[PDB]
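The chain below stands alone and is given as structure tokens, in the form deposited in one PDB entry.
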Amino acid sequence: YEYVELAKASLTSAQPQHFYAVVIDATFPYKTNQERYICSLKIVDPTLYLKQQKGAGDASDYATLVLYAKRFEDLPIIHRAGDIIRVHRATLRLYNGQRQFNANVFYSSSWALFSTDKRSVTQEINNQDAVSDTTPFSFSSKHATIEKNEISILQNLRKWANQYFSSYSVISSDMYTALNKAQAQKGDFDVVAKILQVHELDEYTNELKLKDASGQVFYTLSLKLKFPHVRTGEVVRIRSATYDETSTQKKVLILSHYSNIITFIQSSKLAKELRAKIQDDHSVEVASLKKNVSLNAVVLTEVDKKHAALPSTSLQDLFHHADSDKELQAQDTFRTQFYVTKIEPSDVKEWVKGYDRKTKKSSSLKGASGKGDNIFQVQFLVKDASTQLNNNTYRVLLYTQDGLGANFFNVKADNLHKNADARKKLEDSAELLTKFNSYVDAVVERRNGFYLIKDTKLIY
């Protein structure tokens, strides 16, 4: 096997050529008819990656790889830009000015993906370690062989990628559209924004809250199975999106089965800049809190920074498996998202009770401050996506007698029967928490079969 560089490959030979390259863009493997799936990607290498830089403004130059197959599972799922792909038996030809490598996987061609970073997207998600720095994390056919003389090509190109992605944008400005201009586009376009929020709409759908360099905020539905790598605070490139003219309550982007959401490798200059540049936005939320019914989801709380890197557990696992699941028994602390259907006690004035640390009993303060230490004794009746269809409501308490979640309301416990300022603030929070589309991202601690909120503060 001989490996040719993208710019040195023959155009007149029409003979099968092989090469290594870095993937900077790619559609998702899609079906075109009753027998063919396709995946087109933009590849680069040390001899083909930049355009005539004088009047090019540092625009990226690339080649196009079109892989044809008869089965979905025979095409590469590109989740992240920057990784490497090895192709065998590709036919090159000029397609409208650019070098187009074509490979009929459904015949004799084959591909292989190599993680530029330590772990591949998948391995990162599963917390798995790579078998080695020479093992493909995915490849066509039943077998893949990495000859000893290749280790150099792979290692070198891997290095080139980092230097490359760190020195240039890779995804230049001519490769995507500004969100504040998305409505001006005639058809589909590409986006490069930060994922401000990942809202679990339902059992199989995530709703991404995007915001790019233009400051515009758009929403789009992203399946959990197809895009399990979406992460808050991360920057992604959306290949092929359309402005939804039929969405009046909120700016929405429509994706197609061939559309793809791609992240970037660690060394990405663009990703780094946009991560720090594009800051969180709550304008949509703040504004939606003025309307009776908001079709926009609002995450009312925020967990302490120390928990920011903690996987969330659904109410389903929390209440129906926490006592039978081997892995859910070793932990007593969990992070979860849900919406409040009801708050008890009904009377907001009874939210703060008097607590006698002795008899362990609490009582109403409707009659002076002697009852004891003032604490929050609130019981939330929640529900979430995982339990959306069942006839249940789950109990989540905010009992601050021991300090846990004592600041959830940003209001220190006090006799709400006498302190009008405190009672009023809580009554307002009560309306928000029970309002449709309002959610709570909170950390909880399992204490004697119950889940008490802790390290969670309202941000509205």
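Definition used throughout: the rigid core is the maximal C-alpha set that superposes within 1.5 Å between two forms. Only residues modelled in both forms are compared. All residue numbers refer to positions in the sequence shown, first residue = 1.
Form deposited in another entry: not shown, discussed below.
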Listed options 375, 221, 178, 278; Cα moving by 2 angstroms or more between this form and the one not shown (core superposition): 375
Core-aligned CA displacement of residue 111 at least 2 Å between this form and the one not shown: no
C-alpha of residue 139 off by 2 Å or more between this form and the one not shown on rigid core: no
Per-residue C-alpha change between this form and the one not shown, residue 21, threshold 2 Å, rigid core fit: no
Closer or farther: C-alpha pair residue 88/residue 120 in the other form, relative to this form, given a change of 3 Å or more: farther
Cα-Cα trend for residue 196 and residue 304, given that in the other form the distance shifts by 3 Å or more: farther
Large-shift segments between this form and the one not shown, meaning 3+ residue runs whose Cα move 2 Å or more when the rigid core is superposed: 12-14, 50-61, 118-128, 281-283, 294-460
